[PDB]
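A short write-up of the structure that comes next.
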Amino acid sequence: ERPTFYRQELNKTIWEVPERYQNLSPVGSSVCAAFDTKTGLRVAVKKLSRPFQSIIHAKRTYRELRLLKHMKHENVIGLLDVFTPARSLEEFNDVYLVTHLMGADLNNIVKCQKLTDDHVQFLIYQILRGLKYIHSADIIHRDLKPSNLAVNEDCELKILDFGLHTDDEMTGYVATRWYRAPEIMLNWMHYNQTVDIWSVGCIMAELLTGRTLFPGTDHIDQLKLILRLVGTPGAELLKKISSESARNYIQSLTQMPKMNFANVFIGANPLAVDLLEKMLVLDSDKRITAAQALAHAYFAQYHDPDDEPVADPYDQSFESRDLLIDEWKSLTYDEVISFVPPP
Ligand SMILES: C[C@H](CS(C)(=O)=O)Nc1ncc2cc(Oc3ccc(F)cc3F)c(=O)n(C)c2n1
């Protein structure tokens, strides 16, 4: 049955959460840290802003809830709890999500400086293990980056924000665009799962060197940095770019050959370099997958084929379905009500 709910103003809104959650303190984007007296765990509790203000919001709310309920994996943010203080569907208008409070994002550990090769192995291994599970369910993260990768004190890693930016926040000299596969940055085509492997490659590079790999001052500048490294596209890839405007623009660019990665990442483990060359491939059909990357020699100390699970089938037929706000709300309510907390 329904626990007692208390109220509290925190992020300029009043948070009505069950009594078990105490010592709520804001931590950013809205999310609060709290202590779960019921489990003894420190938790992150997320309140969604106007979940059913439009069709899009209602759908996105349902999407998020659906994604987090499905995901059960060490390297993927999992749901400890979801609640609403509403007793009926008629009163339903607030959704709260609960997970582990994580110590630090990847940005905070990197801190301009380099990391040891063993550290980089463990961290990239965990992202890839997470990604393989996510991808096995035909879910793409689409926005992998250091601030989306959260870590504990033993350097155990979870992926956040999978499967879920405006026009201006993607503009200029911003970490929001630096990890984006050029196909999706420039809308070249219907994009596949390997957009995420491009992001891993960006992240891995930064971990080895302590520096951003493609720190573009804008979309076009970032593209130039990318083609400098990996070379301009050949005939086969140009055909695959569906946007004619985009195809025509690349075809304006002076041809450049792929660089020597050994000479770019001086001093780095040659297995790292090799792996990097397979991730940072312009044509997305030819990029290495998370499954294949996990069997690469670079991870020989961590790789265990029987300890790298795939996800249960994910039904996302809802994605191409047009419902009314009320209908999205009703679906979301059923998912809240039916949730079963993990052991
Ligand atoms: C990396 C931060 C460091 S700290 C303690 O300084 O804030 N730790 C952390 N730990 C957990 C989260 C969880 C989130 O979103 C959630 C995602 C799912 C959920 F069920 C609940 C959530 F709060 C979410 O956006 N962020 C930014 C989180 N951040």
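Reckoned from all heavy atoms, side chains included, excluding hydrogens, waters and symmetry mates. Residues take their numbers from the sequence shown, with the count starting at 1.
With respect to the salt-bridge test (charged N to carboxylate O, under 4.0 angstrom), the residues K69 and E335 qualify. Under a 4.0 Å N-O distance rule, the pair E183/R287 qualifies as a salt bridge. Under the 4.0 Å criterion applied to side-chain N and carboxylate O atoms, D307 and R129 are assigned as salt-bridge partners. Residues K46 and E64 are paired through a salt bridge, judged by an N-O separation under 4.0 Å between the basic side chain and the carboxylate. Between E236 and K286 there is a salt bridge, since a side-chain N of the basic residue sits under 4.0 Å from a carboxylate O of the acidic one.
Using a 4.5 Å cut-off between side-chain heavy atoms of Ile, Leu, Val, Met, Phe, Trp and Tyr, with links allowed through other members, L208 and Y302 fall into the same hydrophobic cluster. Following chains of ILVMFWY side-chain contacts shorter than 4.5 Å, one can reach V264 starting from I124, so the two form part of one hydrophobic cluster. Linking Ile, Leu, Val, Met, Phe, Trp and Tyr residues whenever their side-chain heavy atoms come within less than 4.5 Å places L97 and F162 in a single cluster. The cluster map of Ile, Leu, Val, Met, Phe, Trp and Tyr, joined by side-chain heavy atoms under 4.5 Å apart, puts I159 and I109 in the same cluster. Note on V17: it does not cluster hydrophobically with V82, by side-chain heavy-atom contacts below 4.5 Å among ILVMFWY residues.
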Subject >> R247/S243 under side chain to side chain donor-acceptor pair (under 3.5 Å): CA gap, chis, key distance, verdict >> reply: CA-CA 6 Å; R247 177 175 43 248; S243 178; over 6 Å; no

**OP:** Go through the steps for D196 and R142 under the test salt bridge (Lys or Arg N to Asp or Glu O under 4.0 Å), then give the verdict.
**Re:** CA-CA 6 Å; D196 290 333; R142 309 151 195 271; over 6 Å; no

**OP:** Show your working on side chain to side chain donor-acceptor pair (under 3.5 Å) between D315 and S317 and close with a plain yes or no.
**Re:** CA-CA 6 Å; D315 178 336; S317 65; 2.8 Å; yes

Original post:
Between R42 and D36, is a salt bridge (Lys or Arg N to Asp or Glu O under 4.0 Å) present by the stated rule, with each step listed?
Top reply: CA-CA 6 Å; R42 287 182 296 287; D36 184 4; over 6 Å; no

**OP:** Determine, step by step, whether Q301 and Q121 satisfy the side chain to side chain donor-acceptor pair (under 3.5 Å) criterion, reporting the C-alpha distance in whole Å, the side-chain angles of both residues, the deciding distance to 0.1 Å, and the verdict.
**Re:** CA-CA 9 Å; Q301 60 157 296; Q121 278 181 8; 2.6 Å; yes

**OP:** Just do the side chain to side chain contact (heavy atoms under 4.5 Å, CB included) check on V43 and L101 with the steps written out, would you?
**Re:** CA-CA 4 Å; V43 286; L101 182 74; 5.6 Å; no

**OP:** Given side chain to side chain donor-acceptor pair (under 3.5 Å), test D105 with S147 step by step and report yes or no.
**Re:** CA-CA 5 Å; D105 76 22; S147 65; 5.1 Å; no

Original post:
When you look at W178 and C202, which way does the side chain to side chain contact (heavy atoms under 4.5 Å, CB included) test go after all the steps?
Top reply: CA-CA 8 Å; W178 298 338; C202 292; over 6 Å; no

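Between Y21 and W15, the ring center distance fails the sub-6.0 Å criterion. Between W188 and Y249, a ring centre-to-centre spacing not shorter than 6.0 Å is recorded.
Annotation: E74, atom CD; neighbour count of heavy atoms from other residues, nucleotides and ligands within 6.0 Å does not exceed 12. At most 12 heavy atoms of other shown residues, nucleotides or ligands fall within 6.0 angstrom of atom NZ in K38. The number of heavy-atom neighbours closer than 6.0 Å to CZ of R2, taken from other residues, nucleotides and ligands shown, is above 12. More than 12 heavy atoms of other residues, nucleotides or ligands shown are found within 6.0 angstrom of CZ on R63. Under a cut-off of 6.0 angstrom, the local environment of NE2 in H165 is crowded, with over 12 non-hydrogen atoms contributed by other residues, nucleotides or ligands. Crowding of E169 atom CD: a count of heavy atoms from other residues, nucleotides or ligands under 6.0 Å exceeding 12. Counting non-hydrogen atoms of other residues, nucleotides and ligands closer than 6.0 Å to CD of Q255 gives a total of 12 or fewer. Within 6.0 Å of NZ on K240 lie more than 12 heavy atoms contributed by other residues, nucleotides or ligands.
Side chain of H135 to backbone of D138: no donor-acceptor contact under 3.5 angstrom is found. Judged by distance alone, the side chain of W198 and the main-chain N or O of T194 form no donor-acceptor pair under 3.5 Å. Judged purely by atom type and a 3.5 angstrom limit, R180 has no side-chain atom pairing as donor or acceptor with the backbone of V195. Listed for the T99 side chain is no donor-acceptor partner under 3.5 Å among the backbone atoms of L80. The backbone N or O of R177 lies less than 3.5 Å from a partner atom in the side chain of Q222, making a donor-acceptor pair. For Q113 (side chain) and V110 (main-chain N/O), a donor-acceptor pair under 3.5 Å exists by modelled atom type. Of the possible polar contacts, none joining the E206 side chain to the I203 backbone as a donor-acceptor pair under 3.5 Å is found. Side-chain atoms of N260 come within 3.5 Å of backbone N or O of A262 as a donor-acceptor pair.
For the residue pair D274/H296, the side-chain donor-acceptor check at 3.5 Å is satisfied.
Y133 pairs with exactly one of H70, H141, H73 by the ring pair (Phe, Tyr, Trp, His ring centres under 6.0 Å) rule, that one being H73. Remark: of the listed residues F339, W328, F83, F92, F92 is the sole one forming a ring pair (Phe, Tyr, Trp, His ring centres under 6.0 Å) with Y333.
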